[PDB]
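Novice: Right, I'll just put the structure down here and ask away after.
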Amino acid sequence: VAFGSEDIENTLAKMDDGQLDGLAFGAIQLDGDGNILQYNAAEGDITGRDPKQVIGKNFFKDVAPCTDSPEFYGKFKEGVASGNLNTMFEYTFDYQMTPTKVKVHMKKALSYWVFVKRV
């Protein structure tokens, strides 16, 4: 299934760890506070983070400080509160990694998904 699909959250609701690892794009599931619930292999291939050891950490505070901005975290908090998170934007990831341009799609789970692909 494809990055940015209209019903991506339906598909991914059905998936186990291995299936999530099979996705063509990075996929992170966060709680409303930004704690990491799921993190797939494709994401780790972009960021050099071991998916097994980031589970439970806080994405915005600890893992991904560069995303702590109105343009990313602010859009996340707005969507958690309004209940209708579904937004796509370009971003650069550059904390403890080579600076890497990405496209991000955040979407409420059918918990909140952050999907990532290289650009």
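Every chain in the structure tokens has a letter given in the order shown (A, B, ...), and although residue numbers restart at 1 in each chain, ligands are simply numbered from 1 in the order shown.
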Apply DSSP to the structure's backbone, then extract all residues of segment 61-110 of chain A labelled alpha helix (DSSP H) and return them as a ChimeraX atom specification.

Specialist: /A:75-82

Novice: Please report as a tab-separated table every residue of segment 22-56 of chain A lying within 12 Å of segment 100-111 of chain A, along with the nearest atom pair and their distance in Å (one decimal), using only C-alpha atoms.

Specialist:
residue	atom	partner	partner_atom	distance
A:25	CA	A:104	CA	10.0
A:26	CA	A:104	CA	9.3
A:27	CA	A:105	CA	9.5
A:28	CA	A:106	CA	9.4
A:29	CA	A:111	CA	6.7
A:30	CA	A:111	CA	5.7
A:31	CA	A:111	CA	4.7
A:32	CA	A:111	CA	6.2
A:33	CA	A:111	CA	9.4
A:34	CA	A:111	CA	9.2
A:35	CA	A:111	CA	9.8
A:36	CA	A:111	CA	9.8
A:37	CA	A:111	CA	8.5
A:38	CA	A:111	CA	10.3
A:43	CA	A:102	CA	11.1
A:45	CA	A:100	CA	11.8
A:46	CA	A:100	CA	8.1
A:47	CA	A:100	CA	8.5
A:48	CA	A:100	CA	11.5

Novice: Go ahead and write the residues just picked, N, CA, C and O atoms, as a PDB file, in the first residue's frame.

Specialist:
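Final output, saved to again15.pdb:
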ATOM      1  N   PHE A  25       7.528   2.743   2.875  1.00  0.00           N
ATOM      2  CA  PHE A  25       7.778   3.996   3.547  1.00  0.00           C
ATOM      3  C   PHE A  25       7.937   3.792   5.046  1.00  0.00           C
ATOM      4  O   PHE A  25       7.504   2.795   5.641  1.00  0.00           O
ATOM      5  N   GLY A  26       8.569   4.783   5.672  1.00  0.00           N
ATOM      6  CA  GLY A  26       8.671   4.768   7.126  1.00  0.00           C
ATOM      7  C   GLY A  26       7.316   5.010   7.779  1.00  0.00           C
ATOM      8  O   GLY A  26       6.505   5.798   7.305  1.00  0.00           O
ATOM      9  N   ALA A  27       7.090   4.302   8.877  1.00  0.00           N
ATOM     10  CA  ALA A  27       5.820   4.405   9.585  1.00  0.00           C
ATOM     11  C   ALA A  27       6.111   4.365  11.095  1.00  0.00           C
ATOM     12  O   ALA A  27       6.790   3.463  11.567  1.00  0.00           O
ATOM     13  N   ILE A  28       5.640   5.384  11.771  1.00  0.00           N
ATOM     14  CA  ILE A  28       5.777   5.578  13.207  1.00  0.00           C
ATOM     15  C   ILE A  28       4.379   5.746  13.767  1.00  0.00           C
ATOM     16  O   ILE A  28       3.590   6.527  13.239  1.00  0.00           O
ATOM     17  N   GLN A  29       4.052   5.075  14.856  1.00  0.00           N
ATOM     18  CA  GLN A  29       2.795   5.329  15.545  1.00  0.00           C
ATOM     19  C   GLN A  29       3.106   5.964  16.908  1.00  0.00           C
ATOM     20  O   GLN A  29       3.969   5.418  17.589  1.00  0.00           O
ATOM     21  N   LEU A  30       2.467   7.091  17.173  1.00  0.00           N
ATOM     22  CA  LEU A  30       2.634   7.857  18.384  1.00  0.00           C
ATOM     23  C   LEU A  30       1.328   7.877  19.176  1.00  0.00           C
ATOM     24  O   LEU A  30       0.216   7.876  18.595  1.00  0.00           O
ATOM     25  N   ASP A  31       1.429   7.987  20.489  1.00  0.00           N
ATOM     26  CA  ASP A  31       0.272   8.371  21.299  1.00  0.00           C
ATOM     27  C   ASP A  31       0.091   9.869  21.237  1.00  0.00           C
ATOM     28  O   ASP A  31       0.851  10.571  20.562  1.00  0.00           O
ATOM     29  N   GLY A  32      -0.897  10.416  21.947  1.00  0.00           N
ATOM     30  CA  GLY A  32      -1.187  11.831  21.817  1.00  0.00           C
ATOM     31  C   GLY A  32      -0.116  12.717  22.417  1.00  0.00           C
ATOM     32  O   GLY A  32       0.002  13.889  22.059  1.00  0.00           O
ATOM     33  N   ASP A  33       0.715  12.142  23.290  1.00  0.00           N
ATOM     34  CA  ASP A  33       1.817  12.844  23.913  1.00  0.00           C
ATOM     35  C   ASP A  33       3.116  12.720  23.121  1.00  0.00           C
ATOM     36  O   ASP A  33       4.121  13.298  23.524  1.00  0.00           O
ATOM     37  N   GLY A  34       3.086  11.969  22.025  1.00  0.00           N
ATOM     38  CA  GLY A  34       4.272  11.806  21.223  1.00  0.00           C
ATOM     39  C   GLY A  34       5.164  10.651  21.605  1.00  0.00           C
ATOM     40  O   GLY A  34       6.290  10.541  21.094  1.00  0.00           O
ATOM     41  N   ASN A  35       4.723   9.748  22.478  1.00  0.00           N
ATOM     42  CA  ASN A  35       5.508   8.554  22.795  1.00  0.00           C
ATOM     43  C   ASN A  35       5.364   7.530  21.659  1.00  0.00           C
ATOM     44  O   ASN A  35       4.291   7.361  21.079  1.00  0.00           O
ATOM     45  N   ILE A  36       6.493   6.886  21.350  1.00  0.00           N
ATOM     46  CA  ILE A  36       6.515   5.975  20.221  1.00  0.00           C
ATOM     47  C   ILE A  36       5.949   4.612  20.572  1.00  0.00           C
ATOM     48  O   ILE A  36       6.439   3.922  21.487  1.00  0.00           O
ATOM     49  N   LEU A  37       4.882   4.223  19.898  1.00  0.00           N
ATOM     50  CA  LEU A  37       4.199   2.947  20.006  1.00  0.00           C
ATOM     51  C   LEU A  37       4.692   1.924  19.007  1.00  0.00           C
ATOM     52  O   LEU A  37       4.811   0.761  19.347  1.00  0.00           O
ATOM     53  N   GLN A  38       4.922   2.318  17.768  1.00  0.00           N
ATOM     54  CA  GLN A  38       5.444   1.456  16.709  1.00  0.00           C
ATOM     55  C   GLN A  38       6.425   2.262  15.865  1.00  0.00           C
ATOM     56  O   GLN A  38       6.275   3.480  15.732  1.00  0.00           O
ATOM     57  N   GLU A  43      11.626   3.051   8.381  1.00  0.00           N
ATOM     58  CA  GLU A  43      11.973   4.298   9.052  1.00  0.00           C
ATOM     59  C   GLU A  43      13.403   4.254   9.536  1.00  0.00           C
ATOM     60  O   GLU A  43      14.161   5.216   9.405  1.00  0.00           O
ATOM     61  N   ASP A  45      15.753   2.605   8.328  1.00  0.00           N
ATOM     62  CA  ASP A  45      16.655   2.677   7.190  1.00  0.00           C
ATOM     63  C   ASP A  45      16.913   4.113   6.765  1.00  0.00           C
ATOM     64  O   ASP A  45      17.976   4.434   6.233  1.00  0.00           O
ATOM     65  N   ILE A  46      15.973   5.013   6.997  1.00  0.00           N
ATOM     66  CA  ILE A  46      16.167   6.429   6.727  1.00  0.00           C
ATOM     67  C   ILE A  46      16.979   7.103   7.814  1.00  0.00           C
ATOM     68  O   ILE A  46      17.786   7.978   7.528  1.00  0.00           O
ATOM     69  N   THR A  47      16.750   6.734   9.074  1.00  0.00           N
ATOM     70  CA  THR A  47      17.230   7.587  10.165  1.00  0.00           C
ATOM     71  C   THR A  47      18.380   7.009  10.962  1.00  0.00           C
ATOM     72  O   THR A  47      18.987   7.731  11.769  1.00  0.00           O
ATOM     73  N   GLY A  48      18.639   5.721  10.781  1.00  0.00           N
ATOM     74  CA  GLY A  48      19.673   5.015  11.498  1.00  0.00           C
ATOM     75  C   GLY A  48      19.411   4.735  12.955  1.00  0.00           C
ATOM     76  O   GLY A  48      20.302   4.442  13.735  1.00  0.00           O
TER      77      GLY A  48
END

Novice: When you count only C-alpha atoms, which of these residues is closest to residue 56 of chain A: A:71, A:119, A:39, A:3?

Specialist: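 For residue 56 of chain A, the nearest of the given residues is A:39.
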
Novice: Fewer than 3 positions away in the same chain doesn't count, so skip those; otherwise give me all residues within 8 Å of residue 17 of chain A, counting only C-alpha atoms, as a PyMOL selection string.

Specialist: chain A and resi 20-21+40

Novice: Rounded to one decimal in Å, what is the spacing between atom CA of residue 24 of chain A and atom CA of residue 2 of chain A?

Specialist: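 These two atoms are separated by 7.4 Å.
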
Novice: Identify all residues of segment 4-70 of chain A in strand (DSSP E) (DSSP on the backbone) and supply them as a list in words.

Specialist: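 Selecting the strand (DSSP E) positions of segment 4-70 of chain A gives residues 26, 27, 28, 29, 30, 36, 37, 38 and 39 of chain A.
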
Novice: Between atom CA of residue 83 of chain A and atom CA of residue 118 of chain A, measure the distance and give it in Å to one decimal.

Specialist: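 Atom-to-atom, atom CA of residue 83 of chain A and atom CA of residue 118 of chain A are spaced 27.3 Å apart.
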
Novice: Residues at most 9 Å from residue 1 of chain A, counting only C-alpha atoms, excluding those fewer than 4 positions away in the same chain, as a count of residues only?

Specialist: 6

Novice: For the atom pair atom CA of residue 4 of chain A and atom CA of residue 70 of chain A, what is the interatomic distance in Å to one decimal place?

Specialist: 21.6 Å

Novice: Counting only C-alpha atoms, which residue out of A:94, A:9, A:50, A:68 sits closest to residue 112 of chain A?

Specialist: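 Among the listed residues, A:9 lies closest to residue 112 of chain A.
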
Novice: Which one of A:96, A:41, A:15, A:117 sits closest to residue 66 of chain A if you count only C-alpha atoms?

Specialist: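 Among A:96, A:41, A:15, A:117, it is A:96 that comes nearest to residue 66 of chain A.
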